[PDB]
């Protein structure tokens, strides 16, 4: 199985993509053993990016690696078609889309047609980005089989039965969980890996959990998994999407600028309280020689 990072989008002081900080982060993730980078996912603030900015994000990461899944979805199908077609000039792993978000009560036929449309124009394998809470709808194992053209799925959901169903119904599909808390479990149970937000700031931990589970050292894998869970919990205090920036700086030692409002940067006091929650975890990982310092 794999750890895939849905990579953060660093914004500059004036709210543009900081390509340079993005490249440094990308380099470090690849050097630290991350398998592939998921660009314009939730953790990257995909829905806050224009189609031009979703391209810019791809271009900057592509400077670093070919190991990219390029998320292209949104509520203008022509823009998503255009991004899909432009990816032909990039030797990447695949493209991806979440389901059309915001609008409730969208018919199954229209959902199926949105994805089939993108499969039809895609120059690369297509991955389903399933995120029921964010998008308002679910594209389950059965709908995924009906759509019929997904090479894999990231299933961001707290229901591993639902994730396992993709495998049951689509035996050849790559099936990833979107949770950081299920890295040990996913590797122990025959799934293909995790697209894990927390691998942005603790790629060493996510990779090591996976490796331990693979080696069948489940009690050691769980012990580390449970530590990782505490950082995830700390990150949710002030809002994970903002907190991920602060944590990457804290644990990896380079700056990733700002998120894009209304995903507001943490303030100094929030940043200080968040660091207070994870410093003893940082010491312990250093003690364990998982983190270098």
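Residue numbers count along the first chain shown, from 1.
Q: Would you determine, from the values in the PDB entry, which of 42-50 and 62-70 has the greater average C-alpha temperature factor?
A: Looking at the recorded C-alpha B-factors, 62-70 comes out higher on average.
Q: Could you check which stretch, 115-123 or 213-221, carries the larger mean CA temperature factor in the entry?
A: Of 213-221 and 115-123, the stretch with the higher C-alpha B-factor average is 213-221.
Q: If I read the C-alpha B-factors straight from the PDB entry, which of 185, 107, 76, 97 is highest?
A: When the deposited C-alpha B-factors of 185, 107, 76, 97 are compared, 107 is largest.
Q: Where does residue 196 sit by CA temperature factor within its chain: lowest, middle or highest third?
A: Lowest third - that is where residue 196 ends up once the chain's C-alpha B-factors are sorted.
Q: Please place residue 132 in the lowest, middle or highest third of its chain according to the CA B-factor in the PDB entry.
A: For residue 132, whose C-alpha B-factor we compare with every modelled residue in the chain, the answer is the lowest third.
Q: Sorting the chain's CA B-factors, does residue 140 end up in the lowest, middle or highest third?
A: Its C-alpha B-factor, which the entry lists for residue 140, ranks in the middle third among residues of this chain.
Q: Using the temperature factors of the C-alpha atoms in this entry, rank residue 159 within its chain: lowest, middle or highest third.
A: According to the entry, residue 159 has a C-alpha B-factor in the chain's highest third.
Q: Quick check on the deposited entry: does the C-alpha B-factor of residue 9 sit in the lowest, middle or highest third of its chain?
A: It falls in the bottom third of the chain.
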